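> Here's my sequence, what's the structure:
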Amino acid sequence: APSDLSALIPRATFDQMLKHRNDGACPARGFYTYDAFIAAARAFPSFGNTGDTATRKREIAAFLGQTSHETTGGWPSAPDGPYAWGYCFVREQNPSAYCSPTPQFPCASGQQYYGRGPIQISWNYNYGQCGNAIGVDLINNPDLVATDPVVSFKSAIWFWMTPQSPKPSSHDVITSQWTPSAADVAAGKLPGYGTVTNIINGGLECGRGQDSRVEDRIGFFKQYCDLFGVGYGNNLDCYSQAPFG
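Residues are numbered from 1 along each chain as shown. I have put the structure below:
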(Lines give C-alpha, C1' and ligand atoms only; values in the text may rest on other atoms or scores of the structure.)
Protein backbone atom coordinates (compact mmCIF):
# COMPACT_ATOMS: atom_id res chain seq x y z
CA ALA A 1 0.00 0.00 0.00
CA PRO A 2 2.72 2.59 0.70
CA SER A 3 3.85 3.56 -2.78
CA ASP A 4 7.55 3.91 -2.02
CA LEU A 5 10.17 3.75 0.65
CA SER A 6 9.53 7.28 1.98
CA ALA A 7 5.88 6.36 2.54
CA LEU A 8 6.80 3.00 4.09
CA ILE A 9 9.14 4.60 6.62
CA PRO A 10 8.48 8.30 7.09
CA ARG A 11 11.12 10.65 8.44
CA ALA A 12 9.52 10.68 11.89
CA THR A 13 9.57 6.87 12.06
CA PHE A 14 13.24 6.65 11.05
CA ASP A 15 14.12 9.33 13.61
CA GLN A 16 12.16 7.54 16.36
CA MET A 17 13.97 4.29 15.64
CA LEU A 18 17.36 5.96 15.51
CA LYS A 19 16.48 8.26 18.39
CA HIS A 20 19.87 8.88 19.98
CA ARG A 21 22.24 8.80 17.00
CA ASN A 22 22.63 12.61 17.08
CA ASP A 23 23.26 12.81 20.80
CA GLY A 24 26.44 14.51 21.99
CA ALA A 25 28.00 11.19 22.99
CA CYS A 26 27.79 9.78 19.45
CA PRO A 27 30.85 10.41 17.32
CA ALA A 28 28.81 10.21 14.12
CA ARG A 29 26.24 12.80 15.25
CA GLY A 30 24.81 14.76 12.30
CA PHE A 31 26.10 12.26 9.76
CA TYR A 32 23.39 9.71 9.11
CA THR A 33 20.46 11.54 7.57
CA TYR A 34 17.06 10.25 6.55
CA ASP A 35 17.52 11.97 3.21
CA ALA A 36 20.69 9.98 2.56
CA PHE A 37 18.95 6.71 3.43
CA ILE A 38 16.10 7.35 0.99
CA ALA A 39 18.49 8.60 -1.74
CA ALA A 40 20.85 5.62 -1.31
CA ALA A 41 18.00 3.08 -1.52
CA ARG A 42 17.40 4.17 -5.12
CA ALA A 43 20.52 2.28 -6.15
CA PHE A 44 18.71 -0.96 -5.12
CA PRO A 45 15.10 -0.48 -6.06
CA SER A 46 13.77 -3.81 -4.74
CA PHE A 47 15.08 -2.98 -1.20
CA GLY A 48 12.04 -2.40 0.99
CA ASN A 49 9.88 -2.92 -2.11
CA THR A 50 9.67 -6.69 -2.17
CA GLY A 51 6.64 -8.54 -0.87
CA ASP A 52 3.53 -7.27 0.88
CA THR A 53 3.49 -4.34 3.30
CA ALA A 54 4.36 -6.43 6.38
CA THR A 55 7.26 -8.08 4.58
CA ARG A 56 8.59 -4.74 3.36
CA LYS A 57 8.46 -3.36 6.90
CA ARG A 58 10.09 -6.52 8.29
CA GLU A 59 12.90 -6.05 5.76
CA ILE A 60 13.51 -2.45 6.73
CA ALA A 61 13.37 -3.38 10.46
CA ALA A 62 15.86 -6.17 9.82
CA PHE A 63 18.20 -3.94 7.86
CA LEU A 64 18.05 -1.22 10.48
CA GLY A 65 18.40 -3.79 13.23
CA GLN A 66 21.54 -5.41 11.86
CA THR A 67 23.16 -2.12 10.98
CA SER A 68 22.14 -0.62 14.31
CA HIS A 69 24.04 -3.43 16.02
CA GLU A 70 27.13 -2.82 13.86
CA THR A 71 27.14 0.84 14.89
CA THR A 72 25.62 0.73 18.37
CA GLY A 73 26.53 3.08 21.21
CA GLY A 74 24.17 1.41 23.64
CA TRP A 75 24.69 0.15 27.18
CA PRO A 76 22.24 -1.60 29.55
CA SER A 77 21.19 1.51 31.47
CA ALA A 78 21.20 3.80 28.41
CA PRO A 79 18.26 6.21 28.15
CA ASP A 80 15.39 4.49 26.32
CA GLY A 81 17.36 1.22 26.52
CA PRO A 82 20.18 -0.23 24.45
CA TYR A 83 17.98 -0.62 21.35
CA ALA A 84 17.56 3.15 20.93
CA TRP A 85 21.31 3.70 20.37
CA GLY A 86 21.93 2.44 16.87
CA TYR A 87 23.96 4.46 14.33
CA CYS A 88 26.08 6.10 16.99
CA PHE A 89 29.35 5.73 15.14
CA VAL A 90 30.59 5.54 11.61
CA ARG A 91 34.27 4.41 11.81
CA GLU A 92 35.65 1.33 13.60
CA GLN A 93 37.04 2.59 16.92
CA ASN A 94 40.60 1.41 16.35
CA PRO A 95 42.06 1.48 12.84
CA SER A 96 43.67 -1.45 11.03
CA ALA A 97 44.73 -1.96 7.46
CA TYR A 98 42.26 -4.68 6.48
CA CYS A 99 44.29 -5.29 3.34
CA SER A 100 44.57 -8.60 1.51
CA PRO A 101 45.87 -7.63 -1.94
CA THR A 102 44.89 -9.38 -5.19
CA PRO A 103 45.27 -8.41 -8.85
CA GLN A 104 41.49 -7.82 -8.98
CA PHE A 105 41.35 -5.86 -5.73
CA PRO A 106 44.63 -4.17 -4.88
CA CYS A 107 45.25 -2.17 -1.72
CA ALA A 108 45.86 1.50 -2.38
CA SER A 109 49.01 2.53 -0.53
CA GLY A 110 48.11 4.85 2.34
CA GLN A 111 44.51 3.61 2.57
CA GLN A 112 42.88 1.58 5.29
CA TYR A 113 39.80 -0.61 4.91
CA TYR A 114 38.57 -0.79 8.51
CA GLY A 115 34.84 -0.80 9.26
CA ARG A 116 32.86 2.16 8.01
CA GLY A 117 29.20 3.02 7.67
CA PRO A 118 26.05 1.15 8.73
CA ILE A 119 27.25 -2.38 7.97
CA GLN A 120 30.86 -1.63 8.99
CA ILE A 121 32.10 -2.75 5.59
CA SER A 122 35.71 -3.97 5.91
CA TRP A 123 38.60 -5.22 3.70
CA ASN A 124 39.84 -3.93 0.38
CA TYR A 125 38.09 -6.68 -1.57
CA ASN A 126 34.69 -5.75 -0.07
CA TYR A 127 35.22 -2.03 -0.63
CA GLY A 128 36.34 -2.93 -4.15
CA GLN A 129 33.26 -5.02 -5.00
CA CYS A 130 30.95 -2.48 -3.44
CA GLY A 131 32.49 0.46 -5.28
CA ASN A 132 32.28 -1.38 -8.60
CA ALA A 133 28.58 -1.96 -7.98
CA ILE A 134 27.66 1.58 -6.91
CA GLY A 135 30.03 3.58 -9.18
CA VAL A 136 32.51 4.90 -6.57
CA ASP A 137 36.27 4.23 -6.36
CA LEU A 138 36.34 2.85 -2.84
CA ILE A 139 39.77 1.26 -3.37
CA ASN A 140 41.38 4.66 -3.58
CA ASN A 141 38.81 6.50 -1.45
CA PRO A 142 37.37 4.10 1.11
CA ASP A 143 36.80 6.89 3.64
CA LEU A 144 33.94 8.15 1.47
CA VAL A 145 31.89 5.56 3.32
CA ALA A 146 32.43 7.67 6.44
CA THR A 147 32.28 11.18 4.94
CA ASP A 148 29.41 10.97 2.43
CA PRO A 149 26.20 9.58 3.98
CA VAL A 150 24.63 8.54 0.66
CA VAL A 151 27.78 6.50 -0.15
CA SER A 152 27.63 5.19 3.43
CA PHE A 153 24.07 3.96 3.11
CA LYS A 154 24.72 2.63 -0.43
CA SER A 155 27.54 0.48 0.91
CA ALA A 156 25.30 -1.10 3.53
CA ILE A 157 22.35 -1.67 1.17
CA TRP A 158 24.84 -3.09 -1.39
CA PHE A 159 25.92 -5.61 1.22
CA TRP A 160 22.30 -6.41 2.13
CA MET A 161 21.28 -6.98 -1.50
CA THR A 162 24.26 -8.89 -2.84
CA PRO A 163 24.61 -12.67 -2.77
CA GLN A 164 28.11 -14.02 -2.17
CA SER A 165 28.08 -17.72 -2.96
CA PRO A 166 27.50 -19.85 -1.05
CA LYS A 167 25.55 -17.17 0.85
CA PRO A 168 22.20 -15.88 -0.46
CA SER A 169 21.58 -12.19 -0.01
CA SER A 170 20.16 -11.00 3.30
CA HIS A 171 17.42 -9.46 1.18
CA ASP A 172 16.34 -12.77 -0.31
CA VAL A 173 16.39 -14.48 3.05
CA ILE A 174 14.32 -11.90 4.92
CA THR A 175 11.74 -11.41 2.11
CA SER A 176 11.03 -15.15 1.63
CA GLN A 177 12.66 -15.23 -1.81
CA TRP A 178 15.17 -17.84 -0.67
CA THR A 179 14.30 -21.45 0.08
CA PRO A 180 16.86 -23.65 1.85
CA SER A 181 18.34 -26.64 0.07
CA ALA A 182 18.36 -30.05 1.80
CA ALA A 183 21.95 -29.23 2.85
CA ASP A 184 20.89 -25.84 4.20
CA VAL A 185 18.17 -27.56 6.29
CA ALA A 186 20.77 -29.99 7.64
CA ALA A 187 22.86 -26.90 8.55
CA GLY A 188 19.88 -25.35 10.40
CA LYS A 189 19.72 -22.43 7.94
CA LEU A 190 15.98 -21.71 7.73
CA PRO A 191 14.41 -18.44 6.51
CA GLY A 192 14.51 -15.72 9.09
CA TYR A 193 16.62 -13.17 10.93
CA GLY A 194 19.02 -15.74 12.30
CA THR A 195 20.21 -16.83 8.87
CA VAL A 196 20.79 -13.15 8.09
CA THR A 197 22.99 -12.89 11.20
CA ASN A 198 24.88 -15.94 9.91
CA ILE A 199 25.41 -14.22 6.54
CA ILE A 200 26.76 -11.13 8.28
CA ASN A 201 29.11 -12.58 10.91
CA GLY A 202 28.27 -16.23 11.52
CA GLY A 203 31.86 -17.45 11.50
CA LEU A 204 32.23 -15.69 14.89
CA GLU A 205 28.69 -15.46 16.22
CA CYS A 206 26.78 -18.55 15.12
CA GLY A 207 26.64 -22.18 16.11
CA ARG A 208 28.05 -21.46 19.60
CA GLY A 209 24.88 -21.13 21.69
CA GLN A 210 23.58 -17.87 23.07
CA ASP A 211 25.79 -14.94 22.13
CA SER A 212 25.52 -11.34 23.37
CA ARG A 213 26.23 -9.92 19.87
CA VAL A 214 23.37 -11.92 18.39
CA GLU A 215 21.09 -10.96 21.30
CA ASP A 216 21.88 -7.28 20.51
CA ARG A 217 21.00 -7.83 16.79
CA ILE A 218 17.74 -9.40 17.77
CA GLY A 219 16.82 -6.74 20.30
CA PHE A 220 17.16 -3.98 17.73
CA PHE A 221 15.15 -5.95 15.18
CA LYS A 222 12.34 -6.57 17.68
CA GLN A 223 12.30 -2.89 18.73
CA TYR A 224 11.89 -1.76 15.11
CA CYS A 225 9.31 -4.43 14.28
CA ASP A 226 7.38 -3.27 17.35
CA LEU A 227 7.43 0.33 16.12
CA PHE A 228 6.21 -0.81 12.68
CA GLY A 229 3.53 -3.00 14.27
CA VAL A 230 4.73 -6.22 12.60
CA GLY A 231 5.73 -9.58 13.99
CA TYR A 232 9.30 -10.83 14.03
CA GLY A 233 8.88 -14.07 12.13
CA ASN A 234 10.53 -17.29 13.29
CA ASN A 235 14.10 -18.59 13.37
CA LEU A 236 15.45 -15.39 14.98
CA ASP A 237 18.76 -16.78 16.26
CA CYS A 238 21.59 -18.82 14.72
CA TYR A 239 22.66 -20.50 17.97
CA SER A 240 22.78 -24.01 16.50
CA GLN A 241 23.26 -23.19 12.83
CA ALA A 242 26.39 -24.16 10.95
CA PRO A 243 28.27 -20.97 10.00
CA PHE A 244 28.42 -20.17 6.32
CA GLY A 245 31.99 -20.54 5.11
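> Centre of the chain to stretch 74-92, how far?
The chain centre lies 15 Å from the centre of stretch 74-92; the measure is C-alpha atoms, centre = their mean, to the nearest Å.
> Can you get me the start-to-end distance on it?
Start to finish, the residues bounding stretch 74-92 are 15 Å apart (C-alpha to C-alpha, to the nearest Å).
> Phi first, then psi, for the most centrally placed residue in the chain.
With distances taken as C-alpha atoms, centre = their mean, residue 67 lies nearest the centre of the chain, 3.7 Å away. Dihedral pair for residue 67: phi -70, psi -30, per degrees, to the nearest 10.
> And residue 178, how far from residue 16?
Residue 178 is 30 Å from residue 16, where distance means C-beta to C-beta, to the nearest Å. To be clear about C-beta, it is placed using only N, CA and C from the backbone, and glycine gets the same treatment.
> circling back to that earlier point, just say helix, strand or coil for the residue nearest to the residue nearest to the centre of the chain when sequence neighbours are not counted.
Spatial nearest neighbour of residue 67, excluding adjacent residues (C-beta to C-beta, 6 or more residues apart in numbering): residue 118 at 3.6 Å. Per DSSP: H, G, I helix; E, B strand; the rest coil, the local secondary structure of residue 118 is coil.
> isn't the residue nearest to the centre of the chain right next to residue 119, touching?
Yes - the criterion here is C-beta atoms under 8 Å, and residue 67 meets it with residue 119 at 5.5 Å.
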